[PDB]
2 protein chains.
Amino acid sequence: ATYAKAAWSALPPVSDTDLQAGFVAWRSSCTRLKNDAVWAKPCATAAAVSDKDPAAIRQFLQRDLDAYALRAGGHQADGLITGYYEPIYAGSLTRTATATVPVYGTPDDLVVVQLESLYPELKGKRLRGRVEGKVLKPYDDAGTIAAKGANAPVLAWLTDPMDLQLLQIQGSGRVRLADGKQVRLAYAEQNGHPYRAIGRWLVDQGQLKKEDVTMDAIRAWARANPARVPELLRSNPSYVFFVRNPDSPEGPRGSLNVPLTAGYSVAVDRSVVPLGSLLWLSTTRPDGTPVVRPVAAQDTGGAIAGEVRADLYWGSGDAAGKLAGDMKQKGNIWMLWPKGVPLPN
Amino acid sequence: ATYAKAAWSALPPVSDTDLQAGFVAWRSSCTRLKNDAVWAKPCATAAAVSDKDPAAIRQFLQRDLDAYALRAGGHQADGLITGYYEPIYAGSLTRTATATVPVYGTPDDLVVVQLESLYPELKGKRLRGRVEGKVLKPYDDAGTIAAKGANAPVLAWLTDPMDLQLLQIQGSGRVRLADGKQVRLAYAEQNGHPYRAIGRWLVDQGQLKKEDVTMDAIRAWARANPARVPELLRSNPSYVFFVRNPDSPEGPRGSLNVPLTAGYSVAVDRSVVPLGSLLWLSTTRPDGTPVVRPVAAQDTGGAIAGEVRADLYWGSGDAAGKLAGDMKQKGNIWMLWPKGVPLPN
């Protein structure tokens with residue numbers, strides 16, 4: 001990927017609504033770049049800037065920053081904008097006859113093995129176990145936690161084991177309670193067993209074809225095969241544990257551990273685009289509505305290779321999920337950069 | 001590397017005394033080989049041969065077994081025959097002003113990590129640690145144990161920390177008490193830190209040249225540099241714990257859990273030479289005198305990496321140790337093998 005300087009007048013205009021929202025989402029991450037190489041003084045400048053003055057935003061941007069078009073190879077500046085979202089699942093604080101699937105916090109008999117300093121070849125492996133006598137042995141796999149429960153507090157109860165599996169894959173989500181209040185859940189720990197996507201088990205068993213395996217297809221197969229749902233979820237021996245964040249309307253936290261804003265946060269390649277960077281996005285919704293806005297690189301998703309890419313966070317819930325799933329849009333991306341500073345490799 | 005079938009008449013001759021002692025050493029493994037797919041049947045046959053009848057032994061071998069020259073690397077059949085022994089060191093059952101170095105059994109808080117069913121790539125490693133909160137930390141390294149001790153049973157007290165290091169390298173030893181009586185020590189466990197020969201440290205410090213590194217030269221350097229012994233020995237972060245046996249005449253036990261015979265037991269590469277196998281050995285003693293004999297694979301040595309290699313157990317005591325330390329001899333090794341049975345792959 002290459003950076004190609006662009007005049008402020010070459011970028012597409014944005015409405016005042018989008019300029020401010022995208023500025024507010026981007027400055028939202030300033031509290032965590034107070035001592036960042038490149039963004040601290042921009043932020044300090046921005047901290048002074050109002051957020052209800054478009055003229056004052058444009059001043060700050062065009063005065064303090066440069067713009068660079070993101071180009072890859074062959075398609076050049078024309079890239080691909082996909083989408084992602086935070087799911088919301090029906091559930092309860094308490095077991096009922098409809099909500100029987102427990103979501104567990106971290107067990108305190110779960111021991112994290114931490115021997116990387118003696119054996120570097122262990123980094124990235126998530127080794128965990130239970131200590132019985134003088135031996136650290138494998139922790140309970142997923143199948144065993146589904147049958148017998150966990151030695152851990154229950155943070156919430158879901159209505160469908162398939163909702164638990166998806167929640168454990170994504171690492172965060174909200175639980176909708178009956179009184180409309182919501183529970184914030186995020187990754188905390190893992191049983192130490194290697195992940196094995198249930199999709200792959202559906203291919204080997206001869207139930208789907210590698211190209212047919214979507215989320216919507218696994219869900220359809222499960223609903224068609226209620227007897228086999230336990231076998232299916234057992235095939236992934238890995239089991240994820242959660243923490244419950246304070247109740248809040250903020251969006252989930254991403255890799256920058258800043259609450260994502262719906263419509264104004266993106267997942268990028270951290271190399272090509274440093275986390276915290278301000279971007280300019282021109283693309284469309286699946287229905288063709290122009291999407292032209294500043295957006296903040298506040299999360300990670302970058303396997304960039306021969307074509308520009310970013311993932312746009314569209315919010316939480318089923319409709320955000322539907323919007324995010326249909327996102328396959330041609331788009332252009334500019335990275336904004338503080339003027340003096342040299343850009344990154 | 002490779003097994004090259006050889007005719008019996010290509011093997012060098014052995015005296016009747018050597019043929020008898022080597023048969024006897026090897027036959028003593030048969031008590032541990034009753035469930036061996038390879039050696040069980042030969043052992044049943046062997047049990048009925050008179051160990052006082054050379055002709056019956058040679059008959060049994062030539063009838064029921066084939067001979068396979070071992071070869072590896074550019075030297076092919078020419079290999080390296082080193083030595084080991086059981087050292088005997090003056091010491092005490094109790095701490096005195098002349099015996100202050102403790103020999104430890106297995107600590108109560110030493111946890112063995114046993115996650116290989118989940119990650120088969122761990123299978124070579126001795127992973128160990130101590131549990132601190134919900135974390136398995138590295139256990140204290142050799143240097144920390146030497147300086148501060150360990151929470152473990154004390155088995156004996158030595159006068160010189162170099163003696164402990166040697167004892168930890170050979171894995172077995174005797175401690176001579178003031179009343180002439182002796183106590184047996186054998187390997188029981190280790191702190192999980194990777195071994196690093198102290199010889200390598202002295203070379204890295206330009207104190208010895210890679211060719212002069214012998215046990216004699218290392219001990220000489222330590223004599224001349226008492227103030228640097230603690231840093232010399234902690235350069236090997238591995239620390240070995242022992243078990244005490246009651247004194248007895250028999251040889252120490254190797255990995256096959258069978259008492260080793262001086263001059264007729266070898267430590268081998270366990271994958272190339274399965275424990276319990278009978279071998280033919282042709283080499284010399286350091287003074288050049290011929291050593292031609294059957295020997296038994298009854299211990300585990302360093303794996304074969306481009307050179308054929310075996311460690312010859314020479315017995316216990318200082319004289320055995322001088323012999324074992326001078327052993328650096330060209331050798332030929334044949335593995336014997338029951339007819340019809342597939343070789344190891």
Side-chain angles (χ1 to χ4, degrees), chain A residues 104-145 150-153 168 187-197 200-201 234-243, chain B residues 104-145 150-153 168 187-197 200-201 234-243:
Chain A
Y104 283 107
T106 301
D108 292 344
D109 71 333
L110 182 62
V111 183
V112 165
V113 171
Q114 186 186 296
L115 298 181
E116 304 101 327
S117 73
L118 281 55
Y119 300 86
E121 53 280 45
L122 289 176
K123 171 208 140 205
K125 320 219 170 211
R126 274 195 291 166
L127 268 43
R128 277 103 177 95
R130 177 186 274 113
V131 172
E132 276 177 356
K134 296 168 65 207
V135 191
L136 191 136
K137 297 174 72 187
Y139 208 74
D140 299 324
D141 61 10
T144 304
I145 301 198
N151 175 29
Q168 292 170 324
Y187 175 99
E189 198 41 90
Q190 192 256 350
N191 72 338
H193 288 245
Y195 178 81
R196 213 170 305 165
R200 159 220 56 94
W201 180 93
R234 271 200 299 277
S235 81
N236 174 20
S238 151
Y239 192 94
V240 170
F241 301 99
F242 300 85
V243 65
Chain B
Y104 283 114
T106 304
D108 267 345
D109 71 333
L110 185 61
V111 186
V112 169
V113 169
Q114 183 189 290
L115 292 180
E116 296 178 7
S117 55
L118 273 41
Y119 303 87
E121 63 269 42
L122 304 178
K123 196 214 319 207
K125 308 201 163 61
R126 264 93 149 249
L127 300 167
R128 315 274 183 266
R130 167 194 44 106
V131 165
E132 188 173 30
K134 311 178 50 173
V135 191
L136 182 119
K137 299 260 180 214
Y139 207 83
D140 283 347
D141 59 8
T144 293
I145 294 175
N151 201 354
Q168 293 175 312
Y187 177 98
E189 193 41 85
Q190 68 139 310
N191 71 337
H193 292 240
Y195 181 71
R196 195 172 156 69
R200 299 181 223 134
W201 184 86
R234 86 195 170 206
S235 91
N236 173 18
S238 164
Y239 189 96
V240 164
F241 303 101
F242 301 87
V243 66

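We name chains A, B, ... by the order of the sequence lines, and we start the count at 1 in each one.
- For the residue pair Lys137(A) and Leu115(B), the shortest heavy atom distance occurs at C-CD2, 3.9 Å.
- Residues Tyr119(A) and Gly192(B) share a closest heavy-atom pair of OH-O, 3.1 Å.
- The most heavy-atom pairs under 4.5 Å with chain A, out of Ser117(B), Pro194(B), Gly133(B), come from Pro194(B).
- Heavy atoms of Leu118(A) lying under 4.5 Å from chain B belong to its backbone as well as its side chain.
- Within the 4.5 Å cutoff, side-chain heavy atoms of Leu127(B) are placed close to those of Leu122(A).
- The contact between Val131(A) and chain B is made entirely by side chain atoms (from C-beta outward), counting heavy-atom distances below 4.5 Å.
- Counted within 6.0 Å of CG on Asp109(B), heavy atoms from surrounding residues, nucleotides or ligands total more than 12; the atom is thus considered enclosed.
- At a 4.5 Å heavy-atom cutoff, the contact between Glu121(B) and chain A is made by side-chain atoms alone.
- Atom CZ of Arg126(B) has 12 or fewer heavy atoms from other residues, nucleotides or ligands within 6.0 Å.
- Using a 4.5 Å cut-off on side-chain heavy atoms (C-beta onward), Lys134(B) and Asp108(A) make contact.
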